[PDB]
């Protein structure tokens, strides 16, 4: 099945998922000089005070921190969005080395990792119906650089030993995703896609300009996870990022001057 290796990595995905070579695929390189300021954009509204985390899951491609999305508890609105998007899960993409790992790049610069907070448009009722729509999702993307530790990340790093291999989950209640946000909500936005199969073109991407800093020890612990299941040859979960895809007929808009 798909993955990130030589034989089943991103350059292969198009054979099972032809939309891989579609018109609005993600990630992309953000050319900062050509992203135009759009003064009609709104401040993003991130309302996470009532977020209810439930569980953390190693799905064989990344780990997901899952939320109860049965009510309007943790929502994203404003910015480029019409309506209200509900948080369902977050996950990361990261490298085997600090020099790589993010999916979006900024003037071709790769960060050590990239956090994706996935939200679905509540007008569609649930996640599975939202991914049938071109405005079904909004993904808040936040870059990670290695430097100072991020205290708000440590509860995630500390649970990873309990979900080392594919298919493992752990209770993961009362985690506050506000602790993963940088100071500034200045962002770039463009229409794109999921960055793993099935690569659906549902996503309004909102990528924050300000990275968060995480420590070398925090990211080292992400790299001890495994893509394989228990009892299988160990294959470290590293380099689970898709490279930048052609921008095609898209414009990236900046919320800031």
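Residue numbers count along the first chain shown, from 1.
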Checklist entry - Looking at the entry, does 88 to 96 or 120 to 128 show the higher mean C-alpha B-factor? => result 120 to 128
Item to check | 182 to 190 or 160 to 168, whichever carries the higher mean Cα B-factor | outcome: 160 to 168
Checklist outcome for this item: In this crystal structure's PDB entry, the residue among 201, 68, 210, 29 with the greatest CA B factor is 68
Checklist entry - Say you rank 46, 206, 62, 56 by Cα B-factor from the PDB entry; which sits at the top? => result 46
Checklist entry - Based on the entry's values, in what third of the chain does the Cα temperature factor of residue 75 lie: lowest, middle or highest? => result middle
Checklist outcome for this item: On the chain's distribution of Cα B-factors, residue 102 falls within the third called lowest
Next on the checklist: Which third, lowest, middle or highest, does the C-alpha temperature factor of residue 83 belong to within its own chain?
Outcome noted: highest
Checklist entry - Among the modelled residues of its chain, does the C-alpha B-factor of residue 195 lie in the lowest, middle or highest third? => result lowest
Next on the checklist: Considering every modelled residue of the chain and its Cα B-factor in the PDB entry, is residue 177 in the lowest, middle or highest third?
Outcome noted: middle
